[PDB]
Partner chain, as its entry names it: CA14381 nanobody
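Single chain ahead, written as structure tokens, the form deposited without the partner chain.
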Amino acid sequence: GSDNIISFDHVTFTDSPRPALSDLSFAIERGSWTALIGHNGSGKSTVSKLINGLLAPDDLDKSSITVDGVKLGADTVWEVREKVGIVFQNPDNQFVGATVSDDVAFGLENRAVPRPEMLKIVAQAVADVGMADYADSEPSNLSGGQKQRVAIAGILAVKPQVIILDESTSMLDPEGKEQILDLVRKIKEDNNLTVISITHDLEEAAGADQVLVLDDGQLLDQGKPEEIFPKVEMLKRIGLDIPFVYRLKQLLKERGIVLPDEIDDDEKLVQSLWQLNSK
């Protein structure tokens, strides 16, 4: 059930000899947290903006982007922005409204939702995240995590089908990143929407439903997190560390305690250690 399917894409950045993306091809399954990890120069920074039309591939004839059967183009770029909502990297910049209840309402204003239904939807979306008490707090009185929560609420209020956490937790402390990920997982379960993760935070790709790896503008490898992460040697030559569980597995392998490669969660590893403990 592919939702986003970028097929044979090319972006040149108007300026640079080497194109950012070269013949990228993948498909995002509906209702699956798909993490998309890569290096900074790999070109993953523009996947989010390409998905909802803010950037166009160089050859529209060769390069086709489909979002819920709506082939992205100069005309249909606005219907695609009614399905795909993106949470950008810097929380301060994307926070447009002068209060929390106004940043959330900025999406609904643009669609000409009547004010009473606007109030109902804004209250529901602000209370959906843990921001019910800060409905009047100003942009500068909020933390980095709180502004990301308000951004997620504003993306949520317009009822999207894809939430693209485009490096959303890049500038947050590790306690804030965990809170944001718990919130996004709960939202994805409740609203039954696809979540795409363009991040270099490997622990967030460790819990995804599908992992896409990019080198220099091309899809290197894909599959479940249980397959991409154990092959640490591939991730070494492209400049990417592996999550804590897999790194500890490799350290134990170097020490001498070999472990099977399907161990992906923390509890699985501690139980597998316990079975070896009894011996």
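Residue numbers count along the first chain shown, from 1.
If you look for the form solved in complex with the partner chain, you will not find it shown, but the lines that follow are about it.
Distance criterion of 4.5 Å from any heavy atom to the partner chain in the entry with it bound singles out 158 from the list 181, 158, 195, 187.
In the entry with it bound, at least one heavy atom of residue 121 sits within 4.5 Å of the partner chain. The shortest heavy atom separation between residue 113 and the partner chain in the entry with it bound is within 4.5 Å. Contact between residue 108 and the partner chain in the entry with it bound is found at the 4.5 Å heavy atom cutoff. A residue is said to contact a partner when one of its heavy atoms sits within 4.5 Å of a partner heavy atom; residue 79 meets this definition for the partner chain in the entry with it bound.
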